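By convention in this document, chain letters (A, B, ...) are assigned in the order of the sequence lines, proteins followed by strands, and residues within each chain are numbered from 1.
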Amino acid sequence: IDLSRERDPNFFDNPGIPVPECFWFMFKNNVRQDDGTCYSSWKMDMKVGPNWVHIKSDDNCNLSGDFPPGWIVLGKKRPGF
Amino acid sequence: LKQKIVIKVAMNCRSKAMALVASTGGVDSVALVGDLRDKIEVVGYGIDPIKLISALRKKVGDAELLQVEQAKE
Amino acid sequence: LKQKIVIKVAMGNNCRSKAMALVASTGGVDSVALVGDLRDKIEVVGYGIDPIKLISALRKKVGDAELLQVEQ
């Protein structure tokens, strides 16, 4: 999986809250399932295959979570962030 | 205080789903996102995702919570 | 092709819910967002949105509605 080589997620930044710094990409067996945006140095709940997974972000948009077998969610900073 | 919710909805059902989510108390914004416009992203205050999912299934069709994230303000 | 439209509406309780539902369900609308400190302006983004009919509907159904911005 090369994130430098993935189409940008289609997104909408709500104008009332800060703009989230990261793109995220969810894969089952190296096949892209879903994508979107999330905050750096923050946390979110994501449905990853059958399970709710608590995902933590560092300032660099690296995502840690206990993903079920065959699944991963990977983050990177959006242009100019 | 604000939270972002992303919902996958089988979806004119898009117009129906958008109208239902946008009518919810405490909504700041609603957006069709994804290339197929098959996801609704909602931002606001005191939105119960469980209640919103129930309303979508009963009104529009299959719907699944994808992402819930507090606004980092 | 891609449009951003901002409408100030007079919004009195469940007026936001009613205006947001109407705009959200208008043909060509991708996104609706309340903006301004008083959340009394609606930012509408989409493709093929008819701003004249949107303003008619909002005036008939919700209250006074002024076109502040149309951008393409």
How about CG on A/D66, more than 12 heavy atoms from neighbouring residues, nucleotides or ligands closer than 6.0 Å, or not?
no

Nearest heavy atoms of A/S64 and A/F67, plus distance in Å:
C-CZ, 4.4 Å

Here the gap from A/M26 atom CE to A/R32 atom CZ, rounded to the nearest 0.5 Å, amounts to 11.0 Å

Here the gap from A/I17 atom CD1 to B/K72 atom NZ, rounded to the nearest 0.5 Å, amounts to 11.0 Å

Using a strict cut-off of less than 4.0 Å between a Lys/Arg side-chain nitrogen and an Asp/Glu carboxylate oxygen, indicate whether B/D38 and B/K8 qualify as a salt bridge.
no

Side chain to side chain donor-acceptor pair (under 3.5 Å) evaluation trace for A/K76 with A/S4:
CA-CA 9 Å; A/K76 68 179 222 198; A/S4 59; over 6 Å; no

Would B/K51 and B/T24 count as having a side-chain donor-acceptor pair, cut-off 3.5 Å?
no

Neighbour count above 12 (heavy atom, 6.0 Å) for C/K41 NZ:
yes

CG-CG distance between A/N51 and A/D45, expressed to the nearest 0.5 angstrom
12.5 Å

With distance as the sole test, does B/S15 use its side chain to make a donor-acceptor pair with the main-chain N or O of C/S25 at under 3.5 Å?
yes

Would you say A/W52 and B/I7 are hydrophobically clustered, going by side-chain heavy atoms of ILVMFWY under 4.5 Å?
yes

Shared hydrophobic cluster for C/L22 and B/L32 (ILVMFWY, side-chain gaps under 4.5 Å)
yes

When you compare the side chain of A/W71 with that of A/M46, does any pair of heavy atoms fall below 4.5 Å?
no

Might you confirm whether atom NZ of C/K61 has over 12 heavy atoms from other residues, nucleotides or ligands at distances under 6.0 Å?
no

I'd like to know if the side chain of B/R14 reaches the main chain of B/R37, judged simply by a donor and an acceptor atom lying under 3.5 Å from each other, with no hydrogens or angles considered.
yes

Below 4.5 Å, heavy atoms only, C-beta onward: do A/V19 and A/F81 meet side chain to side chain?
yes

For the residue pair B/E73 and A/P18, establish whether any side-chain heavy-atom pair is separated by less than 4.5 Å.
yes

Looking at A/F23 and A/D8, what are the two nearest heavy atoms and their distance?
CE1-OD2, 3.5 Å

Residues, nucleotides or ligands: over 12 heavy atoms within 6.0 Å of B/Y45 OH:
no

Around atom CG of C/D37, are there more than 12 heavy atoms from other residues, nucleotides or ligands closer than 6.0 Å?
no

Within the side chain of B/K4, is there an N or O that forms a donor-acceptor pair under 3.5 Å with the backbone of A/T37?
yes

Tell me if a side-chain donor or acceptor on A/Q33 pairs with a main-chain N or O of A/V31 at a distance below 3.5 Å.
yes

Could you check B/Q70 against A/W42 for side-chain contact (heavy atoms from CB on, under 4.5 Å), going step by step and ending with a plain yes or no?
CA-CA 9 Å; B/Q70 277 183 220; A/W42 203 237; 3.8 Å; yes

Salt-bridge criterion met for A/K47 and A/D34 (N-O under 4.0 Å)
no

To the nearest 0.5 angstrom, please state how far the CH2 atom of A/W24 sits from the CD1 atom of A/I55.
8.0 Å

Taking salt bridge (charged side-chain N to carboxylate O under 4.0 Å, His left out) as the test, write out the residues that go with C/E43, two or more places apart.
none

Report yes if some heavy atom in the side chain of A/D35 is under 4.5 Å from a heavy atom in the side chain of A/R7; otherwise report no.
no

Could you check if a side-chain atom of B/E69 sits within less than 4.5 angstrom of a side-chain atom of A/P20, using non-hydrogen atoms only?
no

Between CG on residue C/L38 and CZ on residue C/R16, distance to nearest 0.5 Å:
7.5 Å

Taking atom CG as the centre, does B/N12 end up with more than 12 heavy-atom neighbours from other residues, nucleotides or ligands that are less than 6.0 angstrom away?
yes

State the NZ-CD1 distance between C/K2 and C/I49, to the nearest 0.5 angstrom.
10.0 Å

Is B/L66 reachable from A/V48 through a run of I, L, V, M, F, W or Y residues, each pair having side-chain heavy atoms under 4.5 Å apart?
yes

Flag side-chain contact, heavy atom, 4.5 Å: C/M20 against B/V27
yes

Are any of the side-chain heavy atoms of A/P68 and A/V53 separated by less than 4.5 Å?
yes

So, for A/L3 and A/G75, which heavy atoms are closest and what is the spacing to 0.1 Å?
CD1-O, 3.7 Å

So A/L63 and A/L74, do their side chains get closer than 4.5 Å, heavy atoms only?
no

Please find the pair of heavy atoms, one from C/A19 and one from C/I42, that lie closest to each other, and give the distance.
CB-CD1, 3.9 Å

Any link between C/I55 and C/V9 through a network of hydrophobic side chains (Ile, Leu, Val, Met, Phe, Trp, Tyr) touching at under 4.5 Å?
yes

Tell me if a side-chain donor or acceptor on A/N60 pairs with a main-chain N or O of A/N62 at a distance below 3.5 Å.
no

Keeping B/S29 on the side-chain end and C/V32 on the backbone end, is there a donor-acceptor pair under 3.5 Å?
no

Contacts of A/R78 that satisfy side chain to side chain donor-acceptor pair (under 3.5 Å) - sequence neighbours left out
A/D13

Check B/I5 against B/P49 and note the closest heavy-atom contact, atom names and distance.
CD1-CG, 3.9 Å

Could you tell me which residues satisfy side chain to side chain donor-acceptor pair (under 3.5 Å) with C/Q69, sequence neighbours excluded, listed by chain and number?
C/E71

Test: A/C38-A/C22 SG spacing under 2.5 Å
no

Same cluster for B/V68 and B/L56 if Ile/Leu/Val/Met/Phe/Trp/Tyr side chains link at under 4.5 Å?
yes

Mind telling me whether A/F27 and A/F25 have parallel, tilted or perpendicular rings, with 30° and 60° as the class edges?
parallel

Check A/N10 against B/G34 and note the closest heavy-atom contact, atom names and distance.
ND2-O, 3.1 Å

